[PDB]
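Trainee: Structure incoming, see below.
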Amino acid sequence: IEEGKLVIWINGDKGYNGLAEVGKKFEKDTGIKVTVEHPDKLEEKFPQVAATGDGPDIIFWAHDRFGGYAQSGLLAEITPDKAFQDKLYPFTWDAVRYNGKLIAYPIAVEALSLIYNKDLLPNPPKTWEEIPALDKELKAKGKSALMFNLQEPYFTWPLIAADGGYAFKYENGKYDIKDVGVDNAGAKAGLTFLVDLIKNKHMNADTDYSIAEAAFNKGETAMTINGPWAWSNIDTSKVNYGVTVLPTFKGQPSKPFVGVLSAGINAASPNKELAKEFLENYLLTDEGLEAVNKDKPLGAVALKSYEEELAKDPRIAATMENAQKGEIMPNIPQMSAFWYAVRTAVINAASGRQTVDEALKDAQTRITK
């Protein structure tokens with residue numbers, strides 16, 4: 001049962017070698033050995049082993065998954081003091097709250113961004129309203145203004161939400177599941193703008209992840225909407241790109257979904273005090289984030305001090321800025337309803353199969369059912 005050591009689980013696509021290095025430092029001033037592993041589908045495996053009082057002491061995963069884990073009582077409640085709390089961006093603490101209780105620490109933040117071709121576009125548009133006009137100017141040269149994944153709501157939400165949409169009303173570490181914002185005027189304004197893009201041929205209704213990505217990378221389109229995971233692909237492409245704040249819509253900022261990497265302690269661990277000490281005083285320090293980051297970049301981080309160092313790269317700063325304006329993803333189980341419903345509403349409104357008013361009225365209905 002572990003007991004006198006620390007076992008940590010983190011995905012293979014993360015800086016687990018850097019995390020193993022923070023661990024060697026911990027083992028130095030403590031004698032406690034830390035063990036880092038990155039098992040396959042660990043987020044699937046966690047719930048299974050933890051339900052039987054097994055698994056790692058600590059688990060790293062995006063915050064959204066923590067809601068389901070917490071529901072089943074798999075995570076220990078955390079109690080950083082005020083002082084520790086002030087070391088991180090306030091908005092990040094909202095991501096790791098499960099019905100008022102703090103159930104994890106936030107490490108890393110990723111958010112969608114406006115990516116643009118500096119050779120085709122001098123200055124990115126500040127507004128969504130000016131894209132149509134820009135597209136007609138670019139079309140004059142055989143280029144298009146923007147191409148992004150229209151198929152998944154994760155990608156279209158920034159625009160839909162801009163003027164007032166939200167998944168679930170949040171107001172106290174708690175989500176009101178009967179306060180859904182997919183059918184308001186806000187969301188209606190947004191989806192309508194999107195639909196108008198497609199019918200006015202500034203955008204194709206069948207643009208997916210692959211298509212927009214290839215298009216941007218081939219220098220065929222001036223802009224794209226993507227996240228930090230896409231950067232390595234653009235580099236390769238040799239496109240002279242920039243990352244910036246998403247455009248505003250109706251004078252209001254876009255409200256993209258933000259994913260926040262978070263780390264939690266197994267409710268079944270006998271080592272919670274060791275975990276909290278490792279996490280608060282070794283890992284969540286400039287030197288801890290740095291050793292990890294050196295192994296594999298974290299993107300924007302929750303620790304204010306280190307983020308300020310990282311922000312010298314404009315891309316991550318832009319992502320952070322978007323994140324701050326962004327909407328904390330619901331952790332809640334009802335979020336599954338939202339994905340399917342809103343997915344359907346958009347493809348339907350986009351393909352003419354249903355009107356905007358209709359498409360959203362329906363989705364609203366299936367979520368609050």
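Cβ: placed from backbone, ideal geometry, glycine included. Neighbour counts: every protein chain shown. What is reported rests on the model, the rules as stated and the sources as named; no laboratory read-out is quoted.
Trainee: Please find, within the stretch 128-173, the residue that is surrounded by the most Cβ atoms within 10 Å (Cβ to Cβ) out of those that are of a type in the set (G, A, S) and over 17 Å from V342 (Cα atoms).
Mentor: Restricting to residues being of a type in the set (G, A, S) and over 17 Å from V342 (Cα atoms), the top hit is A145.
Trainee: Given the conditions (1) of a type in the set (S, T, N, Q); (2) touching a residue at least 24 places away in the same chain (Cβ under 8 Å); (3) touching a helix residue (DSSP H, G or I) at 6+ places or on another chain (Cβ under 8 Å), and given that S237 satisfies all but one, which numbered condition is not satisfied?
Mentor: All conditions pass for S237, except number (2).
Trainee: Report the residue count in the stretch 304-341 for those that are assigned to a helix (DSSP H, G or I) and out of contact with any strand residue (DSSP E or B) (no Cβ under 8 Å at 6 or more places or on another chain).
Mentor: Here the count works out to 12.
Trainee: Another question about this same structure. Determine, yes or no, whether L121 is of a type outside the set (K, R), under 23 Å from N322 (Cα atoms) and in a loop (DSSP other than H, G, I, E, B).
Mentor: Spelling it out, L121 is indeed of a type outside the set (K, R), under 23 Å from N322 (Cα atoms) and in a loop (DSSP other than H, G, I, E, B).
Trainee: Moving to a separate point now. I'd like to verify a number: residues in the stretch 38-55 that are part of a helix (DSSP H, G or I), under 10 Å from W9 (Cβ atoms) and not acidic (D, E), how many?
Mentor: Residues meeting the conditions: 4.
Trainee: Given (1) touching a helix residue (DSSP H, G or I) at 6+ places or on another chain (Cβ under 8 Å); (2) farther than 20 Å from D295 by Cα, identify the lone condition not met by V36.
Mentor: The failed condition is (2).
Trainee: Take the residues in the stretch 102-127 that are charged (D, E, K, R) and exposed (fewer than 14 other Cβ atoms within 10 Å of the Cβ), then tell me which one is farthest from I332 (Cα to Cα).
Mentor: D119
Trainee: Among the residues of the stretch 333-349, what is the count of those that are out of contact with any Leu (no Cβ under 9 Å at 6 or more places or on another chain) and either within 15 Å of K369 (Cβ to Cβ) or surrounded by fewer than 18 Cβ atoms within 10 Å (Cβ to Cβ) (or both)?
Mentor: Initially, the stretch 333-349 is screened for residues out of contact with any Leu (no Cβ under 9 Å at 6 or more places or on another chain), giving 333-341, 343-344, 348.
Those left that are additionally either within 15 Å of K369 (Cβ to Cβ) or surrounded by fewer than 18 Cβ atoms within 10 Å (Cβ to Cβ) (or both): 333-341, 343-344.
The qualifying residues number 11.
Trainee: Could you say whether any residue in the stretch 11-27 is more than 17 Å from the chain's Cα centre (by Cα), in a loop (DSSP other than H, G, I, E, B) and over 14 Å from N266 (Cα atoms)? Even if it seems obvious, please write down each step before you answer.
Mentor: So in the stretch 11-27, the residues more than 17 Å from the chain's Cα centre (by Cα) come out as 12, 15-27.
Among the residues that remain, those that are also in a loop (DSSP other than H, G, I, E, B) are: 12, 15.
Those left that are additionally over 14 Å from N266 (Cα atoms): 12, 15.
Yes, some residue in the stretch 11-27 is more than 17 Å from the chain's Cα centre (by Cα), in a loop (DSSP other than H, G, I, E, B) and over 14 Å from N266 (Cα atoms).
Trainee: Here's a follow-up. Restricting to the stretch 124-169, give me the number of residues that are in a strand (DSSP E or B), within 22 Å of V180 (Cα to Cα) and not aromatic (F, W, Y).
Mentor: 2
Trainee: While we're here: Identify, by number, the condition in (1) within 24 Å of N331 (Cβ to Cβ); (2) buried (at least 16 other Cβ atoms within 10 Å of the Cβ) that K178 doesn't meet.
Mentor: (2)
Trainee: Tell me, which residue of the stretch 260-292 that is in a helix (DSSP H, G or I) and of a type in the set (A, V, I, L, M, F, W, C) is nearest to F26 (Cα to Cα)?
Mentor: Across the stretch 260-292, the extreme among qualifying residues is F278.
Trainee: For the stretch 193-233, how many residues meet the condition of being surrounded by fewer than 16 Cβ atoms within 10 Å (Cβ to Cβ), of a type in the set (S, T, N, Q) and over 22 Å from the mean Cα position of the chain (by Cα)?
Mentor: Looking only at that region, the number is 2.
Trainee: May I pose another question? Which of the residues that make up the stretch 242-274 are more than 30 Å from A187 (Cα to Cα), surrounded by fewer than 23 Cβ atoms within 10 Å (Cβ to Cβ), out of contact with any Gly (no Cβ under 9 Å at 6 or more places or on another chain) and touching a residue at least 12 places away in the same chain (Cβ under 8 Å)?
Mentor: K272
Trainee: Can you tell me which residue among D313, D286 is over 30 Å from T221 (Cβ atoms), assigned by TED's automatic domain parsing to the domain that holds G73 and either surrounded by fewer than 16 Cβ atoms within 10 Å (Cβ to Cβ) or free of Cβ contacts under 8 Å to residues at least 24 places away in the same chain (or both)? Quick ask: steps written out before the conclusion?
Mentor: Numbers: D313 fails: over 30 Å from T221 (Cβ atoms).
Answer to the selection: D286.
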